[PDB]
Amino acid sequence: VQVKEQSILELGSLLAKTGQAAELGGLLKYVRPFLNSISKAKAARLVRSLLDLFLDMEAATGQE
Amino acid sequence: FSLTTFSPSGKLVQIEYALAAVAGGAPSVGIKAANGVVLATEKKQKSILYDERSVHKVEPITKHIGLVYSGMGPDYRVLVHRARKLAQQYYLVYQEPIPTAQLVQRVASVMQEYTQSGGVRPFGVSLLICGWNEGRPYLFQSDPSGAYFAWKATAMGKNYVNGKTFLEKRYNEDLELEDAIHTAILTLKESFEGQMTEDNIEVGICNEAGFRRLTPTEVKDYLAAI
Amino acid sequence: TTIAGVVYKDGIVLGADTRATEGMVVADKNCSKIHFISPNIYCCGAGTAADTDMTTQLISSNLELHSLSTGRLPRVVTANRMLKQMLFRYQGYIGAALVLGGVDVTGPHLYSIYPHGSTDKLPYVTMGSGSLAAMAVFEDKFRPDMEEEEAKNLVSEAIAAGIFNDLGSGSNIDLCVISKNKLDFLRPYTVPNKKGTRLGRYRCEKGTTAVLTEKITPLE
Amino acid sequence: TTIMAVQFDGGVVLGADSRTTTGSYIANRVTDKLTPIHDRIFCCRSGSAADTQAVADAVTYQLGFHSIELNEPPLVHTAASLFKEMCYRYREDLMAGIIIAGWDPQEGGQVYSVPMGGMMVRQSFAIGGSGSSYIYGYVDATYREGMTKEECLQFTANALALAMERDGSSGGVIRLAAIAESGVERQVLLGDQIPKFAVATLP
Amino acid sequence: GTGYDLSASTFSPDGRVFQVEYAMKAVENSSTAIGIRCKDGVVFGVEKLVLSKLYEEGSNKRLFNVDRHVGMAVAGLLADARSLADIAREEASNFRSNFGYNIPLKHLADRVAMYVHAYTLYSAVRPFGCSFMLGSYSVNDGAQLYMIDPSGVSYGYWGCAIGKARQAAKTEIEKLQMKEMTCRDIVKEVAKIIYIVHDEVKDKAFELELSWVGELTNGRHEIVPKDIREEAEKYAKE
Amino acid sequence: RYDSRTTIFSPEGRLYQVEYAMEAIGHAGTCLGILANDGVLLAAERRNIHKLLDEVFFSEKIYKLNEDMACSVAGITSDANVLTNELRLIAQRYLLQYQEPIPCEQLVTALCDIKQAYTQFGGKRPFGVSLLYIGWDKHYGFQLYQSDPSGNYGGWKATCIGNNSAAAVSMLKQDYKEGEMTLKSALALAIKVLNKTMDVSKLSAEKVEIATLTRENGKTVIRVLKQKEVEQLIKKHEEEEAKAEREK
Amino acid sequence: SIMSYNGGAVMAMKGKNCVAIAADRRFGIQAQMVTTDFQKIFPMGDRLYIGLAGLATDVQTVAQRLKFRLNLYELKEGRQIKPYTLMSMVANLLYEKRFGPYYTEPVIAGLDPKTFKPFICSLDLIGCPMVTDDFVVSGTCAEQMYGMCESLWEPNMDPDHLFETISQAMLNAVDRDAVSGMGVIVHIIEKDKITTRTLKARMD
Amino acid sequence: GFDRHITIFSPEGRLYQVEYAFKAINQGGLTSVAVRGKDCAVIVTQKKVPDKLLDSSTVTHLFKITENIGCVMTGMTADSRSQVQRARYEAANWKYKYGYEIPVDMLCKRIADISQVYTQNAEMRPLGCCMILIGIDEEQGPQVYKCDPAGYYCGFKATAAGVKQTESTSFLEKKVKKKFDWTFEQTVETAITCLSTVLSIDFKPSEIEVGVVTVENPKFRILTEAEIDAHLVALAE
């Protein structure tokens, strides 16, 4: 049941490797139900990691 | 004389000294969450010579009763051996009640050979007990002389005061899911001096499914993302 | 009462009947004659049922305590030694005849325990009043290092022979299969004996059974 | 069942049947009646199987502990003393015939008998069990002095075979144990390998 | 010590048992003894102070026979020494009754030493005020000789001495070349060593109790024939 | 020299160890029992009310010890637990022997005999615990008893055993009226005296634990008043206080 | 024989979310009745009863001792007894006297305090539990109750028909036995009520 | 007072009797080292023999507790022998009660429980001898444990006990922190060089007595003069 969150982590890792911004933003805006279904700490740290990876490369200063 | 003794006018001087010794230094926090109970403790071995998979601080006294302790580990063993024998005797007499949480209160009460018969020298360990065979969890504390305290969250370490302060400030709360073990590890962090790791920190969880001492794999998993 | 056990390739298979009788009258039709000891060892009972149950529960509790203290899996040899000491202490006053089976780190083991304290390690064991039929079935159709399904079938055949050839045993077949990684209880594995349906509505409606007086005490 | 021991130069040879009777039904046709009390000391059990097992295990306890506390292999005489004490103090409750044998550097191959009652005696050869009473004449007539290892092995195997074939409480397979300074070698004779003296009575 | 040297159950601040440290002093004060493992046996010897000529021929002899082949030469508080000798006799008898044959000396010394240590462990009972050599011989195990101090443990000794003058005796013992000298010349030399040790320089006349065990006695630890060892005492005198 | 306990007299002739224990019973704990017709009740002060407890034992001071009685300790909890266990064992042993509920006075006499033995012989500490008992029997009806560690019990009808026991008993003497006393007015008196002896006014229902024993139809019912009922009692008391204060 | 010294016959049966326990109310030495209101059904709780059969003295002693242990346990725990736990407690109490056993054959009939699950069990003199879901009995005419029940019992039976069946079985069995009878008491335990009935039985 | 005289808790909240008893082990003038290895577990203690009238054959401090467990004592020899006898009794009794041989960890646990009972109560006193026992355990490899006069049984890979135990532990900590497994040669050489660096006498192959338990060879080999000499020659090469 947690394999879905593993897949979310894997997709985020590939998005960070490629340099995608819109796809990562959509994934972050989509995974919210899965965030509000698991351990608060684990979901929070996943959110933090995804946000940091998104803000790393693509410098959309008007959107970040 | 040959019991829990040395009580002057309005005091229990020997018991008070025993509690001064149980001040100890192993934080050993405990949290009673809605789904279950977490007993986490710090295994800070002197040097790397000692081993961590050799000796344990968390002991499953029975199927879903887990136990953690404080100073005087040699006394704690004997105490946990006695507790195992007591829970087993109760289960043998009242046959097949799968007794853990309707037995957690009872084993905490039978923790009177714990201290009310001290044994010339009273025990020097305060122990937290967790059980979930009632549809509800239970976290109890038994101290070198007192009795079942029925905590919701506490610590028994060198910095147990600020540990308990941290627990209440971080709102042990009542809606917390089973994964309040993160908060337990945070509470330890406060009473911990080092980069805590899987072998450094030992934690057991007792949920309605049963009790289980978390292996270093899961402990490290939880310690990651902290 | 007919219980039996065999050592198959990957572990042990235990089987038992479920007929607990008082004298010559069937009392229990689903008496569990196979008792858990540790998640890797079971043991089949025969003889005085109460003595067997108390002894096996005491052994199971002591062995669980021992396994908790050691931190490792228990051992069938240890269970045998405990049972043998306990029985020989009472010199057979404990009318319990046991068939211990288990899987240890050193390989599957199967032992027979007699009320006077005798024990022995055997590839196949039978015990109880109808033990002779099951022993004969093993002697006829026993093959060493025989697979899981074949061993289950062999034990089922032996138990069925005991059931149908001893009146004081039967009604059901209880099975347990244990290996290095599997513990599977089966309970009624095969019911070769079914009660015929009652012809006609042989029931009494209300109004009959005249009562002298009645008291009702409602609760909360 | 039948149990037998022979002492030769530099070792002993033990032979036992594999049958244990209960009434008229064969409880265990492959019984292992050669219990190793220690590394170089063996026990042959007869009578109440439970009592024999309990006595042998208690003696193995005491003997192993005693050997460990001496840092020296125990004497066969010491083992036989342990058996005689155990049997004699509880003879009214324990009914068992025991044949002890083994090898120790102090004396060498030794054989002792402790039947029901609790008496100890050192013998060149020992014989006991239910089926023993049927081969006394054979074992006494066909025993030589200074017999070697193979001679003793074959002679004991023959005596056990005849005891099995004659006595109704004895049968199954034969277990042999050769004890010497080199160690203990245990072998099993089964089926066709059993030395058979066929009795083809004429029609 | 002062505060900590009252009961053996009280450890010292440095971690020592002053009750035993004081019980050793009684052995240091009492008259000496000696035992030498000859080539094929063990020879004992102990000077006994005849505190008054009122006493008969040598009585309360520091030698004792604990078993058929085993002998005990004791020094220190003689009453507790005798009680301990009785303990040793009982132990040997029990071992003979249980395991048969004769009790090996190493095991006998170990058991009596564990018994002694039991008496220093606790508080209600006090450590024994005696130190003794146990000497024995057999064909199988040669000759053995173990010394037990008031609280310590048995130790294998080629030659040992205990009592008032341990070092003075041990110097000449080590001067003597054992392991190739027969028990006869050893019986002469032990008397020589005892007489070298002070007997009347500050004390009274002393009696020479000498003991034997060895193949010359086929085991059977017995007191040396004093009539024929009076000449050995004479050779010691010279 | 070895340590020997003190179960001895005084040069004057006093058992000062027992007296010190009895005085220490006043220190820590607070219980009070008020006897009334058709119902006798106990009030207890919840000393430690830390928010990290869960209150799953359902009772700390009040202990049900028998079908027809209930006690309340005010001593060291270590001794209190074993004393309650022995008390229940005594009551149930009497029930086994006579097939009849044990009279309260006989129960209290047995317990005080055990405490008297504990202070009498051997090198054993006196049981530093004093407890009340409320009960009902066939012979005397509702009864209330107070036992001190001295083993010298007393049959009371309105008493307190806690820290400010002097103040509580003075309040009870001032506002106690026998005969007219009933269950509800007994409850009002109990909550009033508890409010007096607990300095913080407007006592929370969590800090007060009270249990009433009543006689239903041929059956004794010992009901521990739960939080809602207790705070409704508190509200009624508050209305009475406001009315009395304002009417002047 | 000895178990038939004072007679006795106790039945227990299961309905749909309800149980029933019945017993003869005869007490007497070998041949004579002494009284017709002897008590063999004892309430261990609001929804849990025990039946005892055997020597009358052992019946009373076991009932009293069990009540003592149960009262102690209830005081210790604070929660009501589960019928399985009580059956286990009875088994332990019986086995404590393995070599001097109380010649009684107890049966347990009750409902779970929360799930209201019917539970009927029987024990031998030593204390072997025989938990089933249809019926158990004990006494001198246990075979008669078996013969009657095996045809008169129906699974998932309403409490009224359960009472009818248990009453019929008890009445016929106490009519066909020689030592027990002269009145049958029956208790029907529902989720909220107890129905205690004294059947019209052959007083001879 | 008597806080420091009997086994009672100190007002400061300590237990001074066992704290003293630990220093009794340092008393007696001896040291011992134990090194767990990749497959074997080797221990070694110095053999302080004053004067040759003693029997170097029987002055040893290492013993066989059972066929696979070997122990080294440190401290007062009388208590050491008493605890060795107790451990042997426990091993035999365990083998009698349960069929399989007693695991070393379980044996150390039982010895520690006995010592904990001793530090409990007040009639008896703790035994001043710390015991390092080693043995091969299946599914565990070599195993080393240390029971102490208190009752705390633990200790692993590299553990030492005696007067100069701290220096030995420090050196062994350096060696284990150096991440490389010791084969049935490096383990022995490590133990030897550890003890030699602690007490530099170059260790003539007569003043130490080493015990070895390998996996392919079980049993507690009390290595002979020739074996220790060969290891010393190979090490000093």
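Chain E residue numbers are taken from Swiss-Prot; in order, the displayed residues are 5-242.
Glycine residues also receive a Cβ, built from the backbone N, Cα and C atoms like all the rest.
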In Swiss-Prot, the entry for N6-acetyllysine among E:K57, E:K110, E:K174 points to E:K57
What Swiss-Prot calls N6-acetyllysine, among E:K208, E:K230, E:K238, is E:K230
Ranked by how many other Cβ atoms lie within 10 Å of their Cβ, the modified residues E:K57, E:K206, E:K230 are led by E:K230
As a whole number of Å, the Cα atom of E:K57 (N6-acetyllysine) is distant from the Cα atom of E:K206 (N6-acetyllysine) by 17
As a whole number of Å, the Cα atom of E:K230 (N6-acetyllysine) is distant from the Cα atom of E:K206 (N6-acetyllysine) by 26
E:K230 (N6-acetyllysine) -> DSSP, reduced to three states, gives helix
